[PDB]
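Protein chains in written order, with the deposited numbering: chain AI, 66 to 129; chain AC, 1 to 206; chain AJ, 5 to 102; chain AG, 2 to 151; chain AN, 2 to 101; chain AS, 2 to 80. By construction, the Cβ of each residue, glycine as well, lies at the ideal position given by its N, Cα and C atoms. Here is the structure we will look at, set down as structure tokens.
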Amino acid sequence: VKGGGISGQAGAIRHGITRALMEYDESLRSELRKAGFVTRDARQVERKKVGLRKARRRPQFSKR
Amino acid sequence: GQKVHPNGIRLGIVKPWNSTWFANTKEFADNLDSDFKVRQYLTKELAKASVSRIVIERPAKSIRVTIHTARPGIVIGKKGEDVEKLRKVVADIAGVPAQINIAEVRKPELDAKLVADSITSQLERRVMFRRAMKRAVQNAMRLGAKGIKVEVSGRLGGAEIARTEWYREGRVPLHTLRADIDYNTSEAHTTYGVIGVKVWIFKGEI
Amino acid sequence: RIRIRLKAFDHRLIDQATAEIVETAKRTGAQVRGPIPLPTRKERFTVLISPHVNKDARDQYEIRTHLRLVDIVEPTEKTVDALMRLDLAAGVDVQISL
Amino acid sequence: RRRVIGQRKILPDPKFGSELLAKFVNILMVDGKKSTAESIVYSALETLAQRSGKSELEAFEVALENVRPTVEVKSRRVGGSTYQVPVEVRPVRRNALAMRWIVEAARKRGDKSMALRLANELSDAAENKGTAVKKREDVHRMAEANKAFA
Amino acid sequence: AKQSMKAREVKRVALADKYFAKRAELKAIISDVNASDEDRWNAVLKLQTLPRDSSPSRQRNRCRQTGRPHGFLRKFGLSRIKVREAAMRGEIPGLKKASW
Amino acid sequence: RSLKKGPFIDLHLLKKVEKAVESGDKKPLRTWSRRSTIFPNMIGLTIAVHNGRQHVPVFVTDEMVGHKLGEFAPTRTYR
RNA sequence: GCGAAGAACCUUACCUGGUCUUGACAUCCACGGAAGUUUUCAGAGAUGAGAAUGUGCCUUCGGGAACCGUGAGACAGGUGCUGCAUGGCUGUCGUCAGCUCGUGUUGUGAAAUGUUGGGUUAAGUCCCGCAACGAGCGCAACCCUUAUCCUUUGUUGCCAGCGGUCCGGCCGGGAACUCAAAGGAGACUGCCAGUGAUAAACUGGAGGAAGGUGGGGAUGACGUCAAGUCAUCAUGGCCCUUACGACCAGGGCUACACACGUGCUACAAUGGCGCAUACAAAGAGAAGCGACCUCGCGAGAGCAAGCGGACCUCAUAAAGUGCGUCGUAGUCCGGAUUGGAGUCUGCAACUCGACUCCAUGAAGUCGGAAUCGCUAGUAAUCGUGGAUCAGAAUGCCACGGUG
RNA sequence: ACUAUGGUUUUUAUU
């Protein structure tokens, strides 16, 4: 593995494992699907509105 | 009421710029300052020569200008050689030798600038102000298009209020981002006022 | 060897220029590879875009500089002379290098 | 109002397999570092066997089965007016409320070593005296004289 | 903004052209931590203490279409209250609003 | 220990002293530069210095010499 | 904390005292001079007077023009007054679901009807139905963009496959997870169950990288607030035009005997410190960023490569992980104030600049009635970078780690 | 078991 932080590398490795492990025996192909491990997780930006301070906080607002 | 520039909000859909050249990050502010003043100075030199739109280019340490007109013969002028004094001074406010190109407008009363001088020249010649637009619309839909809006402000009473008149034909369209329109704003300065005019022409999506 | 620094501010203008210079090279018999696209370089800012105060009106803008090199590896001269005086789509800049 | 929300039950501790120890290190988490808290709690038994702690089966259970919170205080509106009313503690904070009452009592104490302040606070819960156990009793004694509203 | 503020700065840049232009490192032949306490380079200092109307300060970039000092964007020569107009009027290459 | 081993000075005020010692009962010698240093041979003279709205008189003493002129005169109001 | 994000001369709206106003900016006419470069002297200085340096361009060889420095006549110019006069330029109720018209009907008539009603939606959206039947603007749809696979082109990035093996992607070479790029597919309530006028429509499930206004950009129907701004412009009116013009030597805008917000950091020992120890990401930078090397404890000053973007510089990522040690003392913690000695840009470092090191080190017990804000990668916590920028903010716009 | 006190002026009718 190369690039990213070790918790991001765990996100790459955990699906790189199942792309091989589902060929390892026919009796694993349903079982990894029954657990949700054969698909990319649904996380993606999620990047701030123009302009919020940092993810949220409309900078010095608190209005009304 | 909320509004935005109707050509500048559509410019992000595959269109080029009318100021179309390259410059380095330190010379860009100077190459832009010369682009603005050649467009100003040249459209003023040709202010009675039936001009519509301009495009600026830069050949190797030169400047290139194309001007669109409905009378090319009076811009190229005497013997077809009367152009040197028309590149002479744009070269002196650009700091580089200038090159001329002239382009003919071939459906003139369907161009957003030349139709605005056409209705300016009817408001000048004292037509009915709240009905002037119907002639320009008839003459434009004779040349092509899918829809047209030309809007007049001032002298529309009765009372002298913020009233505007244009009349509905086809689509404006108020939106459609890929609408591929032709747009201009003009002032007639007739009838003791400013007499503000705006025009939108629709020919079909992209 | 020669490289040609073809630069633009738009991602289609540089493809429509590549479709002129690489076709001129192939039709003039030049031995050429697939030209590299290079990592895009950017300039960006976020500023108060209202005419007088109104402090909420802060908005983001960005502009992108695209560059290609074309890269000719072969020492042949007649095959590439057709590129050096060639006209390309308006608004691109060219400079010749090693 | 609307919602009806999704909720989290958190990962167990990576040494003991305990989700109760995981919630304890989350309430012991300051400055977001989280590994620091593992080195403060359950990182010694020799400091509990220094005071009242008797055998390892009670080295953490003195904060779990040793107590049962039921109510919280403050005021609530009924009709046109507000009254002081004891409210029913929710069944999953039930086992994780006393964690704050122990972590706060150790964190705010002026007595140096934090790993030892926590083992000493667990020893003072193993005797059933003062801190955390009276914060349970005070509100129950209040609710034994306040019954008309819920 | 009085129109003299730029009309004087262009004359000061033309004067820096004999004192600082390709001469701002010229101090590197007279600067020393001690020099044995001798004097041999005062031929430079006679001319570095001569100007008063030219200096490494007293300059404001402004906008090339308004004398206003603040709200400026150096690489365009324009303001934060002029580029959004120019980028919709089609008066500047490379820059556009929305799409993207 | 002043800023650089060489002091920044101009003799434009020192050049007036041999005439300001014969002024009689006329109003004192007036100056506008306040960053100027006061040399020891300027002692025993009255000078008029800008306070920010008028000029006020100061007499040169053994406390004023070797320092700047503006260090011995007021610069602000409400007094 | 908004613009006013950079107040020593400056910038800059103005005052003391000077000095000059066809003026900062443009030509017509007039005179001695090329444009320009230096030096001597008086004055606070601006500036003024001498003496040299050069003789460009055009030359019906007639003498002339840019231009310099000045003087006329046309003229300049205004943080001079003004967003209920007008353009421009920007906001908000409001991407809200609002708003009406023809025919037909009704009521003496203005005017109503449809548009109300039923089930619903992101929604005057969609289906159902009656004295209403149809149409259009806004909406829907359509647009830019994102998670995923297949296919292809590749560098001084990457090294899979296949060779060499200064044993190093360093090379032959290549397009393999990647990375940098492009092209083609992909999503429709369509498919299946439960619900409901098997109408409309909803919640889940199957597929799939993933939906159900997916998420992010982005348009503004009649009607609102006479919304905001002449201190950013155009232009009419009112005013000035030797002045409110604006250049010098001082300087103002960090006022102040006086009331109040909002934000930062400690009080420590899940702390402070040193050594050992691991991962960045995105930016910026050619009279630039400035490596290795040197002098000094140091600010910093020299020597002298690399780099224009993936073989460099700014720049050992820090909080963290490991280990020893101090231990309520109002403390090596933690901070105001201060003596001495130095480092730096600049007419200039009084009033009125930044940075470093010895010498001295006050407070500070985690805060009381009361009041303020945050709902998941949200709170909190630590580090990187840049713009403005001679030299000087803690403010500000971005990029990552821990959670 | 509920708060006295913030006056006053505005538009589309023509072809």
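Considering only residues of the same chain and omitting the five flanking positions on each side of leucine 73(AJ), which have a CB-CB separation below 6 Å?
Here residue 73(AJ) corresponds to residue number 69 of the third sequence, with the count starting at 1. Once the five neighbours on either side are set aside, the close Cβ partners of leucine 73(AJ) are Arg7.
For a quick check, are the C-beta atoms of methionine 6(AN) and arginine 61(AN) less than 8 Å apart?
In the fifth sequence, the residue the question calls residue 6(AN) occupies position 5. In the fifth sequence, the residue the question calls residue 61(AN) occupies position 60. The answer is yes: Cβ separation under 8 Å.
Hey, how far is the Cα of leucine 46(AN) from the Cα of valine 57(AJ)?
Numbered from its first residue, the fifth sequence carries residue 46(AN) at position 45. Numbered from its first residue, the third sequence carries residue 57(AJ) at position 53. The straight-line gap from Cα to Cα measures roughly 48 Å.
Verify the CB distance criterion: does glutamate 27(AC) have a CB-CB separation below 8 Å to chain AJ?
Mapped onto the second sequence, residue 27(AC) falls at position 27. No - not a single Cβ of chain AJ is within 8 Å of the one on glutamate 27(AC).
Using a Cβ cut-off of 8 Å (strictly closer), state whether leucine 96(AN) contacts chain AJ.
Locating residue 96(AN) in the fifth sequence gives position 95, where the first residue counts as 1. Closer than 8 Å to some Cβ of chain AJ, the Cβ of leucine 96(AN) qualifies, so yes.
Would you kindly report the start and end of the unbroken beta strand (DSSP E) that includes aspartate 97(AJ)?
As a working mapping, residue 97(AJ) is identified with position 93 in the third sequence. Note, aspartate 97(AJ): beta strand (DSSP E), 97 to 101.
On the premise that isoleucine 48(AS) lies in contact with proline 75(AS), defined as a C-beta separation below 8 Å, what is that separation, rounded to the nearest angstrom?
Along the sixth sequence, read from residue 1 onward, the residue named residue 75(AS) stands at position 74. Along the sixth sequence, read from residue 1 onward, the residue named residue 48(AS) stands at position 47. About 14 Å; that fails the 8 Å criterion.
Check for me: the alpha helix (DSSP H) holding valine 50(AS) runs from which residue to which?
Numbered from 1 along the sixth sequence, position 49 holds the residue referred to as residue 50(AS). Segment 47 to 51 is the beta strand (DSSP E) holding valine 50(AS); no alpha helix (DSSP H) there.
How big is the Cα-Cα spacing for residue 1(AS) and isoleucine 44(AS)?
What is shown of chain AS runs 2 to 80, which leaves residue 1(AS) out entirely.
From the beta carbon of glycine 68(AI), is the nearest beta carbon of chain AJ less than 8 Å away?
Here residue 68(AI) refers to the residue found at position 3 of the first sequence. Chain AJ, which has no Cβ nearer than 8 Å to the Cβ of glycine 68(AI), makes this no.
For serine 100(AN), return the contacting residues in chain AC, with the cut-off set at a CB-CB distance below 7 Å.
One-based indexing of the fifth sequence puts residue 100(AN) at position 99. Those are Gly12 and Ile13, listed as they occur along chain AC.
So, using beta-carbon positions, are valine 55(AC) and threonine 69(AC) closer together than 8 Å?
As a working mapping, residue 55(AC) is identified with position 55 in the second sequence. As a working mapping, residue 69(AC) is identified with position 69 in the second sequence. No, these two residues do not count as a Cβ contact at 8 Å.
For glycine 53(AS), which of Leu14(AS), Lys5(AS), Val66(AS) and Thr32(AS) has the nearest alpha-carbon?
Counting from one through the sixth sequence, the residue named residue 53(AS) turns up at place 52. Measuring from the Cα of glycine 53(AS), the nearest candidate turns out to be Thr32(AS).
Does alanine 29(AC) come out as helix, strand or coil in the three-state DSSP assignment?
Your numbering for residue 29(AC) matches position 29 in the second sequence. Residue state, collapsed to three classes: helix.
Tell me which residue opens and which closes the alpha helix (DSSP H) that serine 186(AC) is part of.
Translated into positions along the second sequence, residue 186(AC) becomes position 186. For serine 186(AC), there is no enclosing alpha helix (DSSP H); the enclosing beta strand (DSSP E) has its first and last residue at 182 to 187.
With DSSP as the reference, label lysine 16(AS) as helix, strand or coil.
Residue 16(AS) sits at position 15 when you count from the first residue of the sixth sequence. Of the three classes helix, strand and coil, the one that applies to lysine 16(AS) here is helix, per DSSP.
What does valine 115(AI) reach in chain AJ if we use C-beta pairs closer than 8 Å?
Within the first sequence, residue 115(AI) is the residue found at index 50, counting from 1. Within chain AJ, the residues near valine 115(AI) are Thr50, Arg62, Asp63 and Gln64.
Under 8 Å, with one C-beta from each stretch per pair, do the segment 154 to 170 of chain AC and the segment 121 to 136 of chain AC reach the 3-pair mark?
Between the segment 154 to 170 of chain AC and the segment 121 to 136 of chain AC, the count of Cβ pairs shorter than 8 Å is three or higher; the stretches touch.
If you draw a straight line from the C-alpha of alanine 29(AN) to the C-alpha of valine 14(AN), how long is it?
The residue labelled residue 29(AN) in the question sits at position 28 within the fifth sequence. The residue labelled residue 14(AN) in the question sits at position 13 within the fifth sequence. Answer to the nearest angstrom: the Cα atoms are 22 Å apart.
Report all residues from its chain with a CB closer than 8 Å to the CB of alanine 140(AC); omit the five preceding and five following residues, and keep chain order.
Numbered from 1 along the second sequence, position 140 holds the residue referred to as residue 140(AC). These residues qualify, in order along the chain: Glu109, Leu110, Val115, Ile148 and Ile201.
Work out the CA separation of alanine 60(AC) and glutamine 49(AN) for me, nearest whole Å.
For the purposes of this step, residue 49(AN) is identified with residue 48 of the fifth sequence, where counting begins at 1. For the purposes of this step, residue 60(AC) is identified with residue 60 of the second sequence, where counting begins at 1. One C-alpha to the other measures close to 40 Å.
Please confirm whether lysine 11(AJ) has its beta-carbon closer than 8 Å to some beta-carbon of chain AC.
For the purposes of this step, residue 11(AJ) is taken as the residue at position 7 of the third sequence. Chain AC contact via Cβ: present.
Run down chain AJ in chain order and give the residues with a C-beta less than 9 Å from the C-beta of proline 16(AC).
If you number the second sequence from 1, residue 16(AC) lands on position 16. In chain order, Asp14, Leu17, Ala93, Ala94 and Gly95 make up the part of chain AJ whose C-beta sits under 9 Å from the C-beta of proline 16(AC).
List the residues of chain AN whose Cβ lies closer than 8 Å to the Cβ of residue 2(AJ), in chain order.
Nothing about residue 2(AJ) can be reported from this structure: the residues present for chain AJ run from 5 to 102 only.
Give the single residue among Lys82(AJ), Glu81(AJ), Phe49(AJ) and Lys59(AJ) whose Cα lies nearest to the Cα of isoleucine 67(AJ).
In the third sequence, the residue the question calls residue 67(AJ) occupies position 63. Comparing Cα positions, the closest option is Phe49(AJ).
Whole angstroms is fine: what's the gap from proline 94(AN)'s alpha carbon to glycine 73(AC)'s?
For the purposes of this step, residue 94(AN) is taken as residue 93 along the fifth sequence, with counting starting at 1. For the purposes of this step, residue 73(AC) is taken as residue 73 along the second sequence, with counting starting at 1. Looking at the two C-alpha atoms, the distance is approximately 31 Å.
Which runs of the alpha helix (DSSP H) fall wholly inside the segment 86 to 144 of chain AC and span at least 4 residues, in chain order?
Correct list: 90 to 94, 114 to 123 and 133 to 141.
Residue range of the beta strand (DSSP E) that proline 72(AC) falls in?
Walking along the second sequence from the start, residue 72(AC) turns up at place 72. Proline 72(AC) -> not in any beta strand (DSSP E); alpha helix (DSSP H) instead, spanning 72 to 76.
Of all the options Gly144(AC), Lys3(AC), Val194(AC) and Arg64(AC), which has the alpha carbon lying nearest to the alpha carbon of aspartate 182(AC)?
In the second sequence, counting from the first residue as 1, residue 182(AC) sits at position 182. Closest by alpha carbon: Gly144(AC).
Report all residues from its chain with a CB closer than 8 Å to the CB of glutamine 99(AC); omit the five preceding and five following residues, and keep chain order.
By 1-based counting over the second sequence, the position of residue 99(AC) is 99. Taken in chain order, the residues that qualify are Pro59, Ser62, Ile63, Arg64, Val65 and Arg87.
Does DSSP put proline 87(AG) in a helix, in a strand, or in coil?
The residue labelled residue 87(AG) in the question sits at position 86 within the fourth sequence. Correct three-state label for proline 87(AG): coil.
Does the pairing of the segment 100 to 109 of chain AG with the segment 22 to 30 of chain AG give three or more beta-carbon distances under 8 Å?
yes
Any beta carbon from chain AJ within less than 8 Å of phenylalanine 36(AC)'s own beta carbon?
As a working mapping, residue 36(AC) is identified with position 36 in the second sequence. Output row for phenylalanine 36(AC): interface = no.
Compare the beta carbon distance of residue 111(AN) and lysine 98(AN) with 8 Å and say whether it is the shorter of the two.
A question about residue 111(AN) goes unanswered here, because the residues of chain AN that appear run from 2 up to 101.
Under the DSSP definition of a beta bridge, which residues are partnered with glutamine 64(AJ)?
Translated into positions along the third sequence, residue 64(AJ) becomes position 60. Answer by DSSP bridge pairing, in chain order: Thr50(AJ).
Taking just the CA atoms, how far does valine 68(AG) sit from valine 134(AG)?
Here residue 134(AG) is taken as the residue at index 133 of the fourth sequence, counted from 1. Here residue 68(AG) is taken as the residue at index 67 of the fourth sequence, counted from 1. Whole-angstrom Cα-Cα distance: 7 Å.
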